[PDB]
């Protein structure tokens, strides 16, 4: 009860959380036909994301629909390279090597190695993201990161801390984040509980600023801080 894997006619995204929400049925389980009201209600119901943040993210998602000025998207629209989907993902390979939508064990093993305690803090999250950016630049001859992609990358690391964990301490249990990525299921049994306070655009911006502030390069090696 409450969760079912995708089947052969269902579509999924490069987003661990939207995939999780579709697997649970907060979003349509086939991944298709997601509108702004469905996004607001699903992310509100599951996670207590604010309507305004849900609407902002919906607006970006709709730009990935190949139909112009669309009022919906399908989860696989989000996989289109270099719209929202970007290189140096934490758990997906770069498009150049292989499909950038599905979980990739080799890539996630790299990320996990920078989560060095039982509790992930901002420093660990920033560290992991950094190593992915530099690794992709040095191994992918087609590596790119647009301004929007950089903003998305920073906000994805802010999101797993603040939405799955405690936005005020800016920490999250490592096991919870691992579980989300590796199962695309919410880690209720490990202790996750939907927060009582809504998660807002300003919350995401505050954690994104914290991520950037935890980066200590002597000199920035490419696009590491663009919002």
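Positions refer to the first chain, counted from 1.
S.K.: Could you check the entry and say whether 68 to 76 or 150 to 158 has the higher mean CA B-factor?
M.R.: Result: 68 to 76.
S.K.: When the C-alpha temperature factors are averaged for each of 58 to 66 and 170 to 178, which stretch ends up with the higher value in the entry?
M.R.: Averaged over C-alpha atoms, the B-factors run higher in 58 to 66.
S.K.: For the chain shown, is the CA B-factor of residue 196 in the lowest, middle or highest third of its modelled residues?
M.R.: Answer is highest: the recorded C-alpha B-factor places it there.
S.K.: How does residue 83 rank on Cα B-factor within its chain, lowest, middle or highest third?
M.R.: According to the entry, residue 83 has a C-alpha B-factor in the chain's highest third.
S.K.: Lowest, middle or highest third of the chain for the C-alpha temperature factor of residue 98?
M.R.: According to the entry, residue 98 has a C-alpha B-factor in the chain's lowest third.
S.K.: Would the CA B-factor of residue 32 place it in the lowest, middle or highest third of its chain?
M.R.: Its C-alpha B-factor, which the entry lists for residue 32, ranks in the highest third among residues of this chain.
S.K.: Where does the C-alpha B-factor of residue 25 rank in its chain, lowest, middle or highest third?
M.R.: Middle third - that is where residue 25 ends up once the chain's C-alpha B-factors are sorted.
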